[PDB]
Structures are given as C-alpha cells and as structure tokens.
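To start, the structure itself, in structure tokens.
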Protein chains: 2
Amino acid sequence: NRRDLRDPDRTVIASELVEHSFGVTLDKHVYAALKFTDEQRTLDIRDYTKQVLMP
Amino acid sequence: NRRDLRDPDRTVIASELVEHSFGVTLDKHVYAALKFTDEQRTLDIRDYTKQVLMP
C-alpha cells in the first residue's frame, strides 16, 4: 500500500497472504497381459524376448 | 533584436534573463504490512522467510 508523507493519520493497512492448492491423483492401471500354453511356449516361441517382451 | 541600419531613432530593446525553476518533492510512503496472531505465527507459519519476508 501507499500513504502520504507526514500524514496526521498514521494508520497502516495490513496486507493479506492467501495460499492456494490443487490435487494430483493416481487413477489408472495400464497393462499388457499375455498367456501361452506350455505347448506353444516350448514349440511356437523361438526368441521369447524378441517375440514377446519387446511387443 | 533587429533594427533598421541607419535608423533615425537609436533606442535598443534590452533583453531579459529569467531563470526558471521547478520543485521535486518527497511525498509518498510505500509500505507492505503484515499482522500475525500468536496462533498464526506459532501454528500456521513454517519458514517466515519464504512465507512472510519474500512476499
């Protein structure tokens, strides 16, 4: 605030501190699910990392 | 001033040197004031430097 110099009114206006807030939430589950029979894990899958993990 | 050369009258218009002035006044009082109760200072203030002094 501002006031005149040598003003007979010595009153001082107090200022205000107001903090604000917001919220961040964890709300989704992203997943990739696969299932293989033992027959096709033994026989059909050649390179597990290249054929399964990378995709 | 200018006068005609070889003019029958020989009066001269005397010029004036007037110094001017203007005043610069110190006339304002800029302030920021804060009021904290004992409860606000005890419980609501945590730093008081980045929470009161910096604002």
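Convention: chains lettered A, B, ... in structure tokens order; per-chain residue numbering from 1; ligands numbered from 1 as shown.
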
Superimpose chain A on chain B so that the squared distances between all in-order C-alpha pairs are minimised, and send the result as a PDB file with N, CA, C and O atoms, in the first residue's frame.
ATOM      1  N   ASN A   1      16.743  41.259 -30.974  1.00  0.00           N
ATOM      2  CA  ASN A   1      16.076  42.287 -31.756  1.00  0.00           C
ATOM      3  C   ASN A   1      16.898  42.586 -33.002  1.00  0.00           C
ATOM      4  O   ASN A   1      17.991  42.062 -33.186  1.00  0.00           O
ATOM      5  N   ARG A   2      16.358  43.437 -33.868  1.00  0.00           N
ATOM      6  CA  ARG A   2      17.076  43.837 -35.065  1.00  0.00           C
ATOM      7  C   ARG A   2      16.827  45.313 -35.333  1.00  0.00           C
ATOM      8  O   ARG A   2      15.801  45.872 -34.946  1.00  0.00           O
ATOM      9  N   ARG A   3      17.792  45.936 -36.004  1.00  0.00           N
ATOM     10  CA  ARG A   3      17.710  47.338 -36.375  1.00  0.00           C
ATOM     11  C   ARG A   3      18.412  47.534 -37.708  1.00  0.00           C
ATOM     12  O   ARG A   3      19.229  46.715 -38.126  1.00  0.00           O
ATOM     13  N   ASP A   4      18.079  48.634 -38.371  1.00  0.00           N
ATOM     14  CA  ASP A   4      18.701  48.972 -39.639  1.00  0.00           C
ATOM     15  C   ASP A   4      20.152  49.384 -39.432  1.00  0.00           C
ATOM     16  O   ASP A   4      20.520  49.927 -38.390  1.00  0.00           O
ATOM     17  N   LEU A   5      20.982  49.120 -40.435  1.00  0.00           N
ATOM     18  CA  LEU A   5      22.355  49.595 -40.408  1.00  0.00           C
ATOM     19  C   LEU A   5      22.409  51.082 -40.715  1.00  0.00           C
ATOM     20  O   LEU A   5      21.624  51.596 -41.514  1.00  0.00           O
ATOM     21  N   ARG A   6      23.353  51.768 -40.073  1.00  0.00           N
ATOM     22  CA  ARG A   6      23.580  53.197 -40.277  1.00  0.00           C
ATOM     23  C   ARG A   6      22.340  54.015 -39.932  1.00  0.00           C
ATOM     24  O   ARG A   6      22.138  55.111 -40.459  1.00  0.00           O
ATOM     25  N   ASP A   7      21.516  53.479 -39.044  1.00  0.00           N
ATOM     26  CA  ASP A   7      20.349  54.197 -38.555  1.00  0.00           C
ATOM     27  C   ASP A   7      20.789  55.329 -37.635  1.00  0.00           C
ATOM     28  O   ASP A   7      21.591  55.098 -36.724  1.00  0.00           O
ATOM     29  N   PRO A   8      20.303  56.554 -37.838  1.00  0.00           N
ATOM     30  CA  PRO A   8      20.655  57.640 -36.911  1.00  0.00           C
ATOM     31  C   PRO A   8      20.170  57.405 -35.493  1.00  0.00           C
ATOM     32  O   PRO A   8      20.688  58.037 -34.566  1.00  0.00           O
ATOM     33  N   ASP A   9      19.187  56.532 -35.295  1.00  0.00           N
ATOM     34  CA  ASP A   9      18.706  56.179 -33.967  1.00  0.00           C
ATOM     35  C   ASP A   9      19.532  55.006 -33.451  1.00  0.00           C
ATOM     36  O   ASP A   9      19.384  53.877 -33.928  1.00  0.00           O
ATOM     37  N   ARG A  10      20.390  55.270 -32.472  1.00  0.00           N
ATOM     38  CA  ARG A  10      21.299  54.270 -31.935  1.00  0.00           C
ATOM     39  C   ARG A  10      20.731  53.550 -30.725  1.00  0.00           C
ATOM     40  O   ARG A  10      21.476  52.876 -30.009  1.00  0.00           O
ATOM     41  N   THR A  11      19.433  53.690 -30.472  1.00  0.00           N
ATOM     42  CA  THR A  11      18.815  53.070 -29.309  1.00  0.00           C
ATOM     43  C   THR A  11      18.791  51.555 -29.451  1.00  0.00           C
ATOM     44  O   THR A  11      18.538  51.016 -30.530  1.00  0.00           O
ATOM     45  N   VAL A  12      19.058  50.868 -28.347  1.00  0.00           N
ATOM     46  CA  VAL A  12      19.110  49.414 -28.301  1.00  0.00           C
ATOM     47  C   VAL A  12      18.047  48.926 -27.327  1.00  0.00           C
ATOM     48  O   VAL A  12      17.985  49.393 -26.187  1.00  0.00           O
ATOM     49  N   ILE A  13      17.215  47.993 -27.779  1.00  0.00           N
ATOM     50  CA  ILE A  13      16.141  47.440 -26.961  1.00  0.00           C
ATOM     51  C   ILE A  13      16.699  46.312 -26.109  1.00  0.00           C
ATOM     52  O   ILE A  13      17.264  45.346 -26.633  1.00  0.00           O
ATOM     53  N   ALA A  14      16.535  46.426 -24.798  1.00  0.00           N
ATOM     54  CA  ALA A  14      17.063  45.431 -23.882  1.00  0.00           C
ATOM     55  C   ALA A  14      16.139  44.225 -23.806  1.00  0.00           C
ATOM     56  O   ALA A  14      14.913  44.350 -23.820  1.00  0.00           O
ATOM     57  N   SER A  15      16.747  43.048 -23.723  1.00  0.00           N
ATOM     58  CA  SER A  15      16.031  41.784 -23.681  1.00  0.00           C
ATOM     59  C   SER A  15      15.765  41.387 -22.238  1.00  0.00           C
ATOM     60  O   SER A  15      16.277  42.004 -21.302  1.00  0.00           O
ATOM     61  N   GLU A  16      14.951  40.354 -22.068  1.00  0.00           N
ATOM     62  CA  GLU A  16      14.393  40.006 -20.771  1.00  0.00           C
ATOM     63  C   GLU A  16      14.689  38.551 -20.436  1.00  0.00           C
ATOM     64  O   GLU A  16      14.469  37.657 -21.256  1.00  0.00           O
ATOM     65  N   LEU A  17      15.180  38.321 -19.221  1.00  0.00           N
ATOM     66  CA  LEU A  17      15.471  36.986 -18.706  1.00  0.00           C
ATOM     67  C   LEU A  17      14.499  36.691 -17.573  1.00  0.00           C
ATOM     68  O   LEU A  17      14.601  37.285 -16.496  1.00  0.00           O
ATOM     69  N   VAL A  18      13.574  35.764 -17.800  1.00  0.00           N
ATOM     70  CA  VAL A  18      12.576  35.384 -16.808  1.00  0.00           C
ATOM     71  C   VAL A  18      12.699  33.890 -16.560  1.00  0.00           C
ATOM     72  O   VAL A  18      12.391  33.084 -17.446  1.00  0.00           O
ATOM     73  N   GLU A  19      13.142  33.521 -15.362  1.00  0.00           N
ATOM     74  CA  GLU A  19      13.223  32.127 -14.952  1.00  0.00           C
ATOM     75  C   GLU A  19      11.889  31.694 -14.371  1.00  0.00           C
ATOM     76  O   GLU A  19      11.179  32.503 -13.770  1.00  0.00           O
ATOM     77  N   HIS A  20      11.561  30.420 -14.533  1.00  0.00           N
ATOM     78  CA  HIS A  20      10.322  29.874 -14.007  1.00  0.00           C
ATOM     79  C   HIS A  20      10.625  28.752 -13.029  1.00  0.00           C
ATOM     80  O   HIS A  20      11.778  28.384 -12.817  1.00  0.00           O
ATOM     81  N   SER A  21       9.578  28.211 -12.416  1.00  0.00           N
ATOM     82  CA  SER A  21       9.783  27.169 -11.423  1.00  0.00           C
ATOM     83  C   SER A  21       8.502  26.377 -11.230  1.00  0.00           C
ATOM     84  O   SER A  21       7.403  26.853 -11.516  1.00  0.00           O
ATOM     85  N   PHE A  22       8.668  25.155 -10.732  1.00  0.00           N
ATOM     86  CA  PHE A  22       7.549  24.359 -10.249  1.00  0.00           C
ATOM     87  C   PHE A  22       8.000  23.628  -8.993  1.00  0.00           C
ATOM     88  O   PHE A  22       9.115  23.817  -8.523  1.00  0.00           O
ATOM     89  N   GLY A  23       7.126  22.813  -8.431  1.00  0.00           N
ATOM     90  CA  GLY A  23       7.405  22.163  -7.159  1.00  0.00           C
ATOM     91  C   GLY A  23       7.053  20.693  -7.145  1.00  0.00           C
ATOM     92  O   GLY A  23       5.996  20.292  -7.626  1.00  0.00           O
ATOM     93  N   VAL A  24       7.940  19.894  -6.556  1.00  0.00           N
ATOM     94  CA  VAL A  24       7.757  18.455  -6.404  1.00  0.00           C
ATOM     95  C   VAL A  24       7.695  18.144  -4.914  1.00  0.00           C
ATOM     96  O   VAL A  24       8.595  18.529  -4.159  1.00  0.00           O
ATOM     97  N   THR A  25       6.647  17.434  -4.496  1.00  0.00           N
ATOM     98  CA  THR A  25       6.333  17.229  -3.087  1.00  0.00           C
ATOM     99  C   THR A  25       6.293  15.743  -2.753  1.00  0.00           C
ATOM    100  O   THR A  25       5.893  14.922  -3.581  1.00  0.00           O
ATOM    101  N   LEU A  26       6.712  15.409  -1.534  1.00  0.00           N
ATOM    102  CA  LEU A  26       6.650  14.049  -1.013  1.00  0.00           C
ATOM    103  C   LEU A  26       5.425  13.932  -0.114  1.00  0.00           C
ATOM    104  O   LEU A  26       5.362  14.584   0.933  1.00  0.00           O
ATOM    105  N   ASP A  27       4.448  13.112  -0.508  1.00  0.00           N
ATOM    106  CA  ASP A  27       3.136  13.224   0.115  1.00  0.00           C
ATOM    107  C   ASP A  27       2.406  11.932   0.459  1.00  0.00           C
ATOM    108  O   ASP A  27       1.302  12.019   1.003  1.00  0.00           O
ATOM    109  N   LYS A  28       2.949  10.751   0.180  1.00  0.00           N
ATOM    110  CA  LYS A  28       2.233   9.530   0.525  1.00  0.00           C
ATOM    111  C   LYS A  28       3.147   8.552   1.242  1.00  0.00           C
ATOM    112  O   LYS A  28       4.368   8.625   1.154  1.00  0.00           O
ATOM    113  N   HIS A  29       2.516   7.622   1.948  1.00  0.00           N
ATOM    114  CA  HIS A  29       3.191   6.576   2.701  1.00  0.00           C
ATOM    115  C   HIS A  29       2.573   5.250   2.287  1.00  0.00           C
ATOM    116  O   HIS A  29       1.422   4.970   2.628  1.00  0.00           O
ATOM    117  N   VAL A  30       3.316   4.447   1.532  1.00  0.00           N
ATOM    118  CA  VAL A  30       2.852   3.144   1.075  1.00  0.00           C
ATOM    119  C   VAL A  30       3.452   2.111   2.010  1.00  0.00           C
ATOM    120  O   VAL A  30       4.656   2.143   2.283  1.00  0.00           O
ATOM    121  N   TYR A  31       2.616   1.217   2.526  1.00  0.00           N
ATOM    122  CA  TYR A  31       3.053   0.261   3.528  1.00  0.00           C
ATOM    123  C   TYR A  31       2.274  -1.033   3.385  1.00  0.00           C
ATOM    124  O   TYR A  31       1.135  -1.052   2.918  1.00  0.00           O
ATOM    125  N   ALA A  32       2.919  -2.117   3.795  1.00  0.00           N
ATOM    126  CA  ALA A  32       2.290  -3.424   3.940  1.00  0.00           C
ATOM    127  C   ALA A  32       2.590  -3.892   5.352  1.00  0.00           C
ATOM    128  O   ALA A  32       3.755  -4.094   5.701  1.00  0.00           O
ATOM    129  N   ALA A  33       1.550  -4.047   6.160  1.00  0.00           N
ATOM    130  CA  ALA A  33       1.688  -4.380   7.564  1.00  0.00           C
ATOM    131  C   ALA A  33       1.116  -5.761   7.831  1.00  0.00           C
ATOM    132  O   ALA A  33       0.045  -6.108   7.331  1.00  0.00           O
ATOM    133  N   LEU A  34       1.836  -6.542   8.627  1.00  0.00           N
ATOM    134  CA  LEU A  34       1.430  -7.894   8.970  1.00  0.00           C
ATOM    135  C   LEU A  34       1.629  -8.098  10.461  1.00  0.00           C
ATOM    136  O   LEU A  34       2.482  -7.454  11.067  1.00  0.00           O
ATOM    137  N   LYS A  35       0.831  -8.972  11.060  1.00  0.00           N
ATOM    138  CA  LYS A  35       1.012  -9.322  12.457  1.00  0.00           C
ATOM    139  C   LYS A  35       0.744 -10.803  12.648  1.00  0.00           C
ATOM    140  O   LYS A  35      -0.228 -11.343  12.114  1.00  0.00           O
ATOM    141  N   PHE A  36       1.623 -11.459  13.397  1.00  0.00           N
ATOM    142  CA  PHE A  36       1.545 -12.890  13.640  1.00  0.00           C
ATOM    143  C   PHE A  36       1.659 -13.166  15.125  1.00  0.00           C
ATOM    144  O   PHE A  36       2.545 -12.632  15.794  1.00  0.00           O
ATOM    145  N   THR A  37       0.791 -14.027  15.635  1.00  0.00           N
ATOM    146  CA  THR A  37       0.964 -14.484  16.999  1.00  0.00           C
ATOM    147  C   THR A  37       2.148 -15.440  17.075  1.00  0.00           C
ATOM    148  O   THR A  37       2.557 -16.045  16.083  1.00  0.00           O
ATOM    149  N   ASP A  38       2.724 -15.551  18.273  1.00  0.00           N
ATOM    150  CA  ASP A  38       3.862 -16.444  18.459  1.00  0.00           C
ATOM    151  C   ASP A  38       3.502 -17.885  18.137  1.00  0.00           C
ATOM    152  O   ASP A  38       4.346 -18.637  17.633  1.00  0.00           O
ATOM    153  N   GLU A  39       2.256 -18.282  18.401  1.00  0.00           N
ATOM    154  CA  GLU A  39       1.816 -19.628  18.055  1.00  0.00           C
ATOM    155  C   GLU A  39       1.924 -19.877  16.560  1.00  0.00           C
ATOM    156  O   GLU A  39       2.416 -20.925  16.135  1.00  0.00           O
ATOM    157  N   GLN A  40       1.479 -18.926  15.747  1.00  0.00           N
ATOM    158  CA  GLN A  40       1.467 -19.118  14.307  1.00  0.00           C
ATOM    159  C   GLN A  40       2.765 -18.697  13.637  1.00  0.00           C
ATOM    160  O   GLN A  40       2.970 -19.027  12.465  1.00  0.00           O
ATOM    161  N   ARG A  41       3.644 -17.988  14.338  1.00  0.00           N
ATOM    162  CA  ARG A  41       4.998 -17.798  13.837  1.00  0.00           C
ATOM    163  C   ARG A  41       5.860 -19.026  14.098  1.00  0.00           C
ATOM    164  O   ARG A  41       6.710 -19.377  13.275  1.00  0.00           O
ATOM    165  N   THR A  42       5.653 -19.693  15.234  1.00  0.00           N
ATOM    166  CA  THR A  42       6.387 -20.918  15.525  1.00  0.00           C
ATOM    167  C   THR A  42       5.879 -22.093  14.699  1.00  0.00           C
ATOM    168  O   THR A  42       6.675 -22.852  14.139  1.00  0.00           O
ATOM    169  N   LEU A  43       4.561 -22.244  14.594  1.00  0.00           N
ATOM    170  CA  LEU A  43       3.954 -23.439  14.027  1.00  0.00           C
ATOM    171  C   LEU A  43       3.469 -23.250  12.597  1.00  0.00           C
ATOM    172  O   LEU A  43       3.793 -24.058  11.724  1.00  0.00           O
ATOM    173  N   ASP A  44       2.689 -22.201  12.337  1.00  0.00           N
ATOM    174  CA  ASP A  44       2.030 -22.084  11.043  1.00  0.00           C
ATOM    175  C   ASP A  44       2.997 -21.646   9.950  1.00  0.00           C
ATOM    176  O   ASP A  44       2.840 -22.034   8.789  1.00  0.00           O
ATOM    177  N   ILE A  45       3.993 -20.839  10.294  1.00  0.00           N
ATOM    178  CA  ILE A  45       4.926 -20.325   9.297  1.00  0.00           C
ATOM    179  C   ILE A  45       6.080 -21.305   9.145  1.00  0.00           C
ATOM    180  O   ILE A  45       6.765 -21.634  10.118  1.00  0.00           O
ATOM    181  N   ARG A  46       6.298 -21.773   7.917  1.00  0.00           N
ATOM    182  CA  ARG A  46       7.367 -22.720   7.625  1.00  0.00           C
ATOM    183  C   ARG A  46       8.613 -22.007   7.109  1.00  0.00           C
ATOM    184  O   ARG A  46       9.674 -22.057   7.740  1.00  0.00           O
ATOM    185  N   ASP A  47       8.492 -21.332   5.969  1.00  0.00           N
ATOM    186  CA  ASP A  47       9.557 -20.521   5.395  1.00  0.00           C
ATOM    187  C   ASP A  47       9.118 -19.071   5.494  1.00  0.00           C
ATOM    188  O   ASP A  47       8.237 -18.635   4.751  1.00  0.00           O
ATOM    189  N   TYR A  48       9.731 -18.324   6.409  1.00  0.00           N
ATOM    190  CA  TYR A  48       9.289 -16.957   6.648  1.00  0.00           C
ATOM    191  C   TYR A  48       9.519 -16.080   5.427  1.00  0.00           C
ATOM    192  O   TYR A  48       8.668 -15.256   5.077  1.00  0.00           O
ATOM    193  N   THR A  49      10.658 -16.246   4.759  1.00  0.00           N
ATOM    194  CA  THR A  49      10.960 -15.425   3.592  1.00  0.00           C
ATOM    195  C   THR A  49       9.990 -15.705   2.452  1.00  0.00           C
ATOM    196  O   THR A  49       9.526 -14.780   1.775  1.00  0.00           O
ATOM    197  N   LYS A  50       9.667 -16.976   2.220  1.00  0.00           N
ATOM    198  CA  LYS A  50       8.794 -17.312   1.103  1.00  0.00           C
ATOM    199  C   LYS A  50       7.330 -17.092   1.455  1.00  0.00           C
ATOM    200  O   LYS A  50       6.525 -16.728   0.592  1.00  0.00           O
ATOM    201  N   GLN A  51       6.964 -17.302   2.717  1.00  0.00           N
ATOM    202  CA  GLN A  51       5.573 -17.171   3.125  1.00  0.00           C
ATOM    203  C   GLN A  51       5.187 -15.756   3.521  1.00  0.00           C
ATOM    204  O   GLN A  51       3.992 -15.453   3.562  1.00  0.00           O
ATOM    205  N   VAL A  52       6.148 -14.892   3.842  1.00  0.00           N
ATOM    206  CA  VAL A  52       5.808 -13.580   4.376  1.00  0.00           C
ATOM    207  C   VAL A  52       6.490 -12.453   3.613  1.00  0.00           C
ATOM    208  O   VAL A  52       5.820 -11.537   3.128  1.00  0.00           O
ATOM    209  N   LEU A  53       7.820 -12.492   3.516  1.00  0.00           N
ATOM    210  CA  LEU A  53       8.548 -11.359   2.948  1.00  0.00           C
ATOM    211  C   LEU A  53       8.244 -11.176   1.473  1.00  0.00           C
ATOM    212  O   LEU A  53       8.010 -10.053   1.014  1.00  0.00           O
ATOM    213  N   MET A  54       8.275 -12.258   0.708  1.00  0.00           N
ATOM    214  CA  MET A  54       7.988 -12.145  -0.718  1.00  0.00           C
ATOM    215  C   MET A  54       6.580 -11.627  -0.983  1.00  0.00           C
ATOM    216  O   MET A  54       6.433 -10.712  -1.813  1.00  0.00           O
ATOM    217  N   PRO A  55       5.521 -12.140  -0.343  1.00  0.00           N
ATOM    218  CA  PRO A  55       4.198 -11.535  -0.555  1.00  0.00           C
ATOM    219  C   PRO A  55       4.141 -10.070  -0.179  1.00  0.00           C
ATOM    220  O   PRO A  55       3.479  -9.279  -0.858  1.00  0.00           O
TER     221      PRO A  55
END

Task: Members of chain A assigned alpha helix (DSSP H) by DSSP, as number ranges by chain - done: A: 38-42, 48
